[PDB]
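# Structural description and commentary
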Number of protein chains: 2
Amino acid sequence: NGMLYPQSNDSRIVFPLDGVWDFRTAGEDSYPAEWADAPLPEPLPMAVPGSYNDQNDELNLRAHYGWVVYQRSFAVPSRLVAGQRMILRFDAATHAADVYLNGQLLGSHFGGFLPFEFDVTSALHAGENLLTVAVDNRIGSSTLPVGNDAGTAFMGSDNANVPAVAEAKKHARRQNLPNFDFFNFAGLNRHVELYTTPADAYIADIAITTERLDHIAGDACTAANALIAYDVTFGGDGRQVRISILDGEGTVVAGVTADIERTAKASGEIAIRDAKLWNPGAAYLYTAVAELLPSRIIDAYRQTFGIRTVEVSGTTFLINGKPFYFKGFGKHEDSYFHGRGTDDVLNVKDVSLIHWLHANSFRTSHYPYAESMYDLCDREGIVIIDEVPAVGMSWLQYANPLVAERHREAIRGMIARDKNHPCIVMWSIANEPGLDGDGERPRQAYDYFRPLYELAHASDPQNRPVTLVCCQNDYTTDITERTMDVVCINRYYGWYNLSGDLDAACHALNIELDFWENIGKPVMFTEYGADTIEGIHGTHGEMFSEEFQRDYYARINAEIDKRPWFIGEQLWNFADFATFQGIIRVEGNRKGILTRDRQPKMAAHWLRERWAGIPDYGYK
Amino acid sequence: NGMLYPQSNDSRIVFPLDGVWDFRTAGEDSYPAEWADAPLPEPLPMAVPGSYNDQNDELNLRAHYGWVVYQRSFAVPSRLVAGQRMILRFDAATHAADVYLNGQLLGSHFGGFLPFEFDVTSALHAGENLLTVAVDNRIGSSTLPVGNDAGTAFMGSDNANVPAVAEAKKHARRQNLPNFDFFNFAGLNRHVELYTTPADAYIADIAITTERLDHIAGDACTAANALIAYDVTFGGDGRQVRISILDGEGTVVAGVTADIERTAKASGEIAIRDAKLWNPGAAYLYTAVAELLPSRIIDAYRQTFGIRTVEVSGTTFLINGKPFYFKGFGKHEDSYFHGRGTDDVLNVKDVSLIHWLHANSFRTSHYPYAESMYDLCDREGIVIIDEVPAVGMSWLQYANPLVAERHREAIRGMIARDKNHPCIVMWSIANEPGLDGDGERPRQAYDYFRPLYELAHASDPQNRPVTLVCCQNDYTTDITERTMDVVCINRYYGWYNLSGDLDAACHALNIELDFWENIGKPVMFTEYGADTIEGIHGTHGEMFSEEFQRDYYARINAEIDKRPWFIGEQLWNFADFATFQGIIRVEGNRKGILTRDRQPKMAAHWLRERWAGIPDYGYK
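Calculation rules
Residues numbered from 1 in each chain as written, not as in the entry; some residues may be left out. Chains lettered and ligands numbered in written order. Part of a larger assembly, values for the part shown. Heavy atoms only, no water. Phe/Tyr/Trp six-rings, centres within 6.5 Å; stacked < 30°, edge-to-face > 60°. Buried < 20%, exposed > 50% of the residue type's maximum accessible area, 1.4 Å probe, protein only. Helix = DSSP H or I, 4+ residues; strand = E, 2+ residues; numbered from the N terminus. Contact = heavy atoms within 4.5 Å. Pairing = 2+ DSSP bridges. Right-handed = clockwise from strand over helix to strand, strands pointing away. Axes fitted to C-alpha atoms, helices over the stretch in contact; angles between N-to-C directions. Buried area = accessible area lost by both parts, 1.4 Å probe. Salt bridge = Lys/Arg side-chain N within 4 Å of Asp/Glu carboxyl O. Polar contact = N/O pair within 3.5 Å; in protein donor to acceptor, adjacent residues only side chain to side chain. Nonpolar A, V, L, I, M, F, W, Y, C, P; charged D, E, K, R; others polar.

Method information in the entry identifies X-ray crystallography as the source of the structure, with 2.2040 Å recorded as the resolution.

Dropping the structure here:
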C-alpha cells in the first residue's frame, strides 16, 4: 500500500534512471515481444521524464494511437546491491505499461498519474542491464480519464446526419477521442529510478496526522499543544522503531520508541507543546524520522509533515479554526516541450507566480500531479485540492465494473501517496461527471458516487473534506453535488451561455446562487472564465479580448462577494494549455489568465490587485 | 423599375450628400418623429457613407437595438433645380429607413443592400433644406437577412436546460440575433446624393444584352460579328432616341436612331463587326450612349457594357463558348472602421489582390455589393456571382408572405440594378436555406425556391444561369439544389466534421462527389476553408494554424482536380471579417486567406501559386 518517495540516507540509496532513452512507436494494439529481449532496432532518442508526443517533429506522435516502447541500459556496482532489496520505481507511465528487465516480465500497471514499483532483487544482474517499458496511450469507455469509443472528442464539431460523414467515420484512422478538455499526452511523464532498502526488515509506509490542537493562538501561528498520531508499516521477515520529531531548524523536539506488532506496524501518539502550525501563506514543516532498531540503525526514513487541522463547519472552511477563503485556479501539468512531463523549473516558477498573483491555492485538475509539486506547496504555503483522473464520466461508466474498480484504485492510490502533505485540505473524486436529468439517472449517479465519497473518507487518516467538481448542469435534478462536504461548481455563465452578456450572466448566476444559499453547504467556484487571445483588444471588449476576460471576473466576483457562504474562487485556468484540436480550441484552451509561456494577460493584473486585498482568513 | 446610377452631363447634374452628418440613437421600436422638424438635439457626428456601429467608442453601438436618426442640411442654387425633376437617391440604408425632407415624410424602404429614391421636386425649397433619415437595424424571422426572434445567434453556444439560463433569457436586453455568420452592420452604408433629370421627358432605364456571336476567334478576343440588343425606358409626359456604340477608344463604331413607343420604350438590335469581347482576365468595355432627340439634345445617359455570352451546357460553363473554371472566394463588404460601409480605396486594393492571387471571380456573399465594385470588376476582368440577402432561411420563413415578398423584391431589385454588367455571369437566389430533411420539408423548400429560380430567369434580359448556394447538408434528401443551373456547394469536410483528419475528409468529399457525378450538373465550391490565426504555426499544422489552412486546400483541391465536371473553386473567405461574438469566432470569422488588413497568410501564397498555373479557359 505505501509508496514513500525514494529516499537516500545511511540505509538506502536512490539510483535515478532519467536521461535520454531509446524509443520506437509500435502498433495500435501490439508491440513486438522481442523488443524486450535485445536492444531496440533503429531507436529514436526520447528524454525521460517527459511526454513523448512533442519530442519529435519528423513524426506526428500527437496522432499516435496504441503502444510505444522505451528502453535503456544501466549498470550499478555489486557492492551497492549486495544484500539489499532492489526496487524499480515508475513515478508515472501514462496510461498503462508493461515492464521488462533482462527479457523477463516484471509486471504491468494501469493508471497514468500514480506511481508503481517492482522488486527487481532477483532479475538484476551484474554489468549492463536491459530495461524495456512498453507504454499504452489508449483511452476509451472503460479508462480513467474517459475516452470516447466512437464519434467526436469532447467539445468536437460534427455533421453526423451527412451520409458521406457517417461513411467516412467507419474507415478513419483510429485515434484517441478524449472525453476531457486537455490533450492526451502519453509516455514516461515522471521520473524513473532504482532504489535500495534493507531486505530483512524495512519501513514500507508512514502516516502522520494532526489529531488535535489545544488553544490555537489568535494569529494561528502556534497552538499551546498539538496531538499528532503516527502509523509506521514495515515489510520483511521483539522489534522497535524510534520516532524523532524535528522542528524547522532540525532540532529534536519530541521522540518516542515504539513496539512493532504483527502487517508489522508501530502506531502511537505524540504531544508537541508550543507547536508551530502550518498555514496558507505561512508554511511551517516538521520531520518525522523513523529508525528501525536492531547503537546501529537498521532502516531509516525522514517524513516531512505540517501541523494543521481542517474542518468544514456549517458554511465555513476552517483551517486551524480560522475561516479560510480559497483564491486560485485549476492548473494543468502542461508546457511546450514536456507536454505533461514533470518539470521542476516550471513548478518552481509557477509557485512564485501563484505568490505574485496573491492566490493561495489550486486544484490538481484533473489527475494527481507530480509528487515534488506537493513538496513545493508544503514549503511555500499553497493549499491544494487533490483530484483523481475520473474526468469524462457518465452513466455508461457507472454500470461498468472495471471503471468502478479503477476509480477506487485511483482514490486509494492518490490518498496513499499524498496523505502526509499539510497543503492538501480536500480531495476531489471526479471532475464533471453526469449527475442530473430525469428518470433514474440522478439516483444512478448518486449510487455510483456515494461509496466513493465514503472510500475517500476512510482511506484518509486525516479525514479531510471530500468534494466532487460539478459541471454546469440542472442543479435542480442533480442530487449528488449537494451532499458533498464542500460544493465545488464549474460555471460559465456569459461564456458558454448568455454569451457576452455580463448583465444576463450575473442575473443567471444570482438565480443559481439563490438556490445554493438555502442548501447550507460551503460553496466555491472551481472553474469559470473566458477564452482570451493575448493581444486582442477592444474598447468594449468582446469574447476573446483581454478586456472581456477582465470584465468577466470583475462582474462575476462582485456577485459572489455578496454571499457569506461562498468560501472560495478557483477560476479556469492558471495558464493556457494543449487540448485535442477542434473548432473551439485556438491552439488549445485559452482560458488561462497567463499564456502558456506564463505571461500575464490583462485579467491576471486585475485579479492580482483584487487578491492582494483579500486575506487568507476572515474575509467572510 | 430601373435604377441607373446617377450621372452628370449636359442635361443632368448629381449633387453628393456624403460627409459628416448629425446623428442620434433612438428607441427599440420607436424614434421621435418631431426630430424631422428641427435640428436633432445634442447630435453626434457620423460619417456618411459608413456603418455607424464602429464610429463611436464612447457608446456601444455594436450593441444597439432599434432605430437611429441621421440628419444634415443642404442648399443648392435655385438656377439648377429650375425646371428639373429632382431625385434623392439612397444607395443603401441598412435595413429599413423612413426619409423626411423639410418635415415631410417622403416614404420608407426595407432592403438593406439595394438603392431606393424619392421624387423631391416639390419638397425642396430655396436655401437650407433639412434631411432626416431614420434607420432601423432590427432583424428577425421576417427580415432578409434573417434574424432569430429568441434564443441564440447562429453558431451560438447555449446551456438551455439550466433553469437560471432560461429565466435570465426572459429579461436579457434585446439584441439582434443574426441567423447568419456576419456582423449586423447598419446605417447609411452607401452614398446619398441628389440628382437632376429633365422634367418633361427623361431616360429612366437602359438594358443592353449580348444576343448572339458569329465566328468567335480561337482565343475568344473577338467575334466576326456580335448581335446586341437595347431596351430604353423613358418617364415623363412621335419621339426618337439616338443610340451610339463607342469602343474602348471612344470611336462610334455603330449607332442607330430608334422610335419611342407607348409606358414609353425604344427597343431594337445592333450588329457590331469584329466585336471585341469581354473575357475574364482580359476586359473590354463599350459604351452605349442614349440621346433623347427633340440638332440639340434633350437628355442623355452613358451606359457601359461588355459583349460576351454565358451558357451552361452539360457539365460546362461557357463564356463566349469557352469552358470557364472559377478561381476565387466568397467576399464580404467588411473592414475595420467602415464596417459594411462602402470604401473605394478598399475596392481598388481588393481587385488588385484578386489579380495578385491569380483568382478570376468572387461571389457577393451574402448581399449585393456597392455599385462601384461591379464597375470596377467590369473594367478589371473579374467575374461575379451576384447574390441577394436571402441568408438564414428555413421552413419558418417559407410560410411567411411578408418574407416571400421581400425575397421577390430583392431578386427583382438586384437584377434591375445589375443587369448591364458583363462581369456578372450568374445569380444566387439564397445562401444556405434549409432544403433537406424528412417528411414534407424537402418539398416545401422546393415549392418555395422554384418560383424564385424562375423569377430570376425572367427578370434578367441576358437570361444568365441561376443558382442557390447550399449549406453542408444531407444531399440525398435535398431535392432543390440539384435543379439549379450550376450546383454551388458550401462544404467544410475536415473542419466542422471529421475535424483535423484530412484523409477522412477527402474520403467523405469523394463520397459526396460520387453523388454529384451521377447528377450530371456542373458543380463548384462556393465555400470551404478553416479558421486560421495568422502567426499560429506548427510543423504538423493543427486547426487554426497557418500550415493547416494550407494543407486543407492542398488536399481538398487535389480531389476536385480529378473531376471534369467540377467547374470552379470559390473558397471561404477572401479576408477575415467581423461577426456577432461567440465561442467559435475569434474576433470574427478567421477563414480568410488574407487577414482583415488584407495581409497574406501562408495559404494565400500557396493558392496564388496553384492559381497561377490554372487557365481561365480549358483547364477541364
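From this point, the discussion proceeds with the structure in view.
## So, the packing of aromatic side chains
We describe a pair of aromatic rings using the distance from one ring centre to the other and the angle between the two ring planes. Counted according to the given criterion, the structure contains 82 aromatic pairs over all chains. On the basis of an interplanar angle of 70° and a centroid distance of 5.1 Å, the ring pair of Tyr492(A) and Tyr496(A) is categorised as edge-to-face. Note on accessibility: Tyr492(A) and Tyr496(A) belong to one class, buried. Where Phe23(B) meets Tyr52(B), the ring centres are 5.3 Å apart and the plane angle is 50°; that geometry is what we call tilted. Of this pair, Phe23(B) sits in strand 2 (residues 19–25) while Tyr52(B) sits in the loop between strand 3 (44–48) and strand 4 (67–74), placing them 29 residues apart in sequence.

## Describing the side chain of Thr579(A)
Relative to the elements of secondary structure, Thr579(A) occurs in the loop between strand 30 (566–571) and helix 10 (602–612). In contact with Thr579(A), other than residues within four places in its own chain, are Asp181(A), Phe182(A), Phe183(A), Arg585(A), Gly588(A) and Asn589(A).

## As for the pairing of strand 23 (residues 326–330) of chain A
Residue and element names in this part refer to chain A. Extensive coverage of strand 23 is indicated by the burial of five of its five residues. Residues of strand 23 alternate between two faces, with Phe-326, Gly-328 and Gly-330 on one and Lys-327 and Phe-329 on the opposite face, all of them buried. Relative to strand 30, strand 23 runs parallel, the two sharing four bridges. What sits directly across from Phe-326, in strand 30, is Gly-568. When strand 23 meets strand 24 (residues 361–363), the two strands line up parallel, connected through three bridges. Following the sheet pairing, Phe-329 is matched in strand 24 by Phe-362. Remark: the strand 23/helix 3 (residues 344–357)/strand 24 crossover connection has right-handed handedness.

## What to know about the sheet that holds strand 12 (residues 192–198) of chain A
Residue and element names in this part refer to chain A. Taking strand neighbours across the sheet as the criterion, the four strands line up as 1-12-5-8 in an open arrangement whose pairing is antiparallel. For this open sheet the edge positions go to strand 1 (14–16) and strand 8 (116–119), each flanked by a neighbour on one side alone. Between one strand axis and the next, the sheet turns through 25° on average, direction left out of account. Pairing between strand 5 (residues 84–90) and strand 8: four bridges, direction antiparallel.

## Some thoughts on the interface of chain A and chain B
Interfaces are often sized by the accessible area lost when the parts come together. Each partner contributes to the interface: chain A provides 52 residues, whereas chain B provides 53 residues. Surface buried jointly by chain A and chain B totals about 4,300 Å² across both partners, of which 60% is contributed by carbon and sulfur atoms. The tally of links between chain A and chain B comes to two salt bridges. Close ionic contact of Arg62(B) with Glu542(A) constitutes a salt bridge, the shortest N to O distance being 3.5 Å. Between the two partners, chain A and chain B, sit 16 residue pairs in polar contact. Contributions of two or more residues to the side of chain A that touches chain B are made by helix 2 (163–171) and helix 8 (502–519) of chain A. Ranked by residues supplied to the side of chain A that touches chain B, first place goes to helix 2 of chain A with seven residues. In terms of residue class, the side of chain A that touches chain B is made up of 22 nonpolar, 16 polar and 14 charged.

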